[PDB]
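Trainee: Can you keep this structure in mind? I'll have questions shortly.
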Amino acid sequence: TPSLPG
Amino acid sequence: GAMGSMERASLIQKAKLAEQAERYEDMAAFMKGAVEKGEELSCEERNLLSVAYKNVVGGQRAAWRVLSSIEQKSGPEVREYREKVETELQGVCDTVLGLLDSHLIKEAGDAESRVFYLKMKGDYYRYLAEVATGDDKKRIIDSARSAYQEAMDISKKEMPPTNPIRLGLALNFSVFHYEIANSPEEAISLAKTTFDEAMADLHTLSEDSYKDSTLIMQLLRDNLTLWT
Amino acid sequence: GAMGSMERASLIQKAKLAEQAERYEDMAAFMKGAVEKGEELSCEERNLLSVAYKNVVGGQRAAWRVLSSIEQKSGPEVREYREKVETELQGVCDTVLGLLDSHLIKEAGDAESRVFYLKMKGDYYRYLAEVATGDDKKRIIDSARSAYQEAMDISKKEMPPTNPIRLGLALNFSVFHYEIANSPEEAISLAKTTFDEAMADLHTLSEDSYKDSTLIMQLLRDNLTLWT
Amino acid sequence: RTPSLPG
Ligand SMILES: *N1CCC[C@@H]1[C@@H](c1ccccc1)c1cccc(C)c1
Ligand SMILES: *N1CCC[C@@H]1[C@@H](c1ccccc1)c1cccc(C)c1
Ligand SMILES: [Cl-]
Ligand SMILES: [Cl-]
Ligand code: NA
Ligand code: NA
Ligand code: NA
Ligand code: NA
């Protein structure tokens, strides 16, 4: 699952 | 520290040059030196700190995942080299956590900065948890949860539900619940509650804030779709 | 050295894993350790060594060019950081040239390896020349020329005009003439005669060798059509 | 600069 991209 | 003899302003200047040159290890080292001067960071500066170390740890995490994939498919060499990258990754996470504990979190002068740093603490314990095992992993998971939860408590009291830092914290905490803590129910409940409470206030926002907030809401939505 | 206790074969295996993980500094360190075992490198191993250091110095060169451009448009910070990157770049080139002179360049080699390593020597002196000034630049430029010229002499006597190592040498020596030595006419002449002599012998090659040779011929033509 | 051998 992706986390915040920045 | 290797940067102890350089002026704070020179370190910030060189961090920005390093970013332009895509020299992220240098950027991180310059920002570490700036933090260790002992003064609070501006919003621009703590973004520089976050970007620098995210690029460094991101490259290590990607390399670790490549090596772990080769290892799982499979002499001792693959494991040895995976462990070498793992140890370097753990070193960078320990460095970031050290900056946050000494003393960025306690010196943070407003709630937004405090939440930013406690979220970061949860994130870097989370990156440690991805490669940890056994009792150490359990301790790391509890440390991540405690940091995220303290950030949650502050953001609920001090920030509106559409605030992008609050939304990003909820996003990463819910990823922690699902991917690390094997608590999908908590991940879903957190993402859903965050999504709904932000949606209620979208109409009060400017055009740019609406775009900001719905951007992170869509990140919550993508995770909910995967999860539900 | 930190690799002295590791088996040669384990170093080569880990160089290949580092390549898959795009960890080129690690890859170069493993290949350096393998060279230091004192056995001659195979064709595959020479390519690993070259790819590793190409990628390390490539990133340094790109960063140096960014910082030098910023410096030219313009406190001491830009110069200081450009000098830092420059010194690290020079250190890597010195490492490579040291490996070549101490371990790899020999009188009693096969033509393929002798040309490969002398070309590499020319390349790494060329990278030093990119950042050198004044008379120091003059001696570095002549060191690159001498290494390329010896490689050229061997390649014309011992290799066919389609040989990909011979072609890549001519490509880089021509770039040296154009970009470093202020000799664009010689650069153009060398690229043209090399291309034409390879063209004439393509009919002798298998499908596989034809693809290897024509790919480098196409690079020669790209530079010729850029330059003319 | 003019491109060199990419390998
Ligand atoms: N992510 C957290 C802190 C740094 C990074 C945000 C950011 C980076 C650079 C400048 C400003 C902010 C960021 C970047 C992209 C998307 C989001 C949600 C946050
Ligand atoms: N370039 C010089 C030696 C290593 C590298 C060549 C190569 C790498 C890996 C396997 C085989 C050869 C290479 C790569 C791409 C293009 C050329 C012309 C040469
Ligand atoms: Cl290792
Ligand atoms: Cl510097
Ligand atoms: Na093995
Ligand atoms: Na030894
Ligand atoms: Na021959
Ligand atoms: Na042209």
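One is the number of the first residue shown, and numbering goes on along the chain from there.
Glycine too: its Cβ is placed from the backbone N, Cα and C atoms.
Sharing the feature lines straight out of the PDB entry:
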SEQADV    B:1-5  expression tag
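Below are the features listed in Swiss-Prot for this protein:
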MOD_RES   B:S10  phosphoserine
SITE      B:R61  site 'Interaction with phosphoserine on interacting protein'
SITE      B:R126  site 'Interaction with phosphoserine on interacting protein'
Trainee: Counting Cβ atoms within 10 Å of each candidate's own Cβ, which of the recorded sites B:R61, B:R126 comes out highest?
Mentor: B:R126
Trainee: In the expression tag (B:1-5), how many residues does DSSP put in helix, strand and coil?
Mentor: 0 helix, 0 strand, 5 coil
Trainee: Which recorded positions among B:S10, B:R61, B:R126 have CB under 6 Å of ligand 2?
Mentor: none
Trainee: What's the end-to-end span in Å, taking the Cα of B:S74 and the Cα of B:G75, for the 8-residue unmodelled region?
Mentor: 9
Trainee: As a test of the contact definition, list every same-chain residue at least 6 positions from B:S10 (phosphoserine) whose Cβ is closer than 8 Å to its Cβ.
Mentor: none
Trainee: Among B:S10, B:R61, B:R126, which recorded positions lie by ligand 7, judged by Cβ under 6 Å to any atom?
Mentor: none
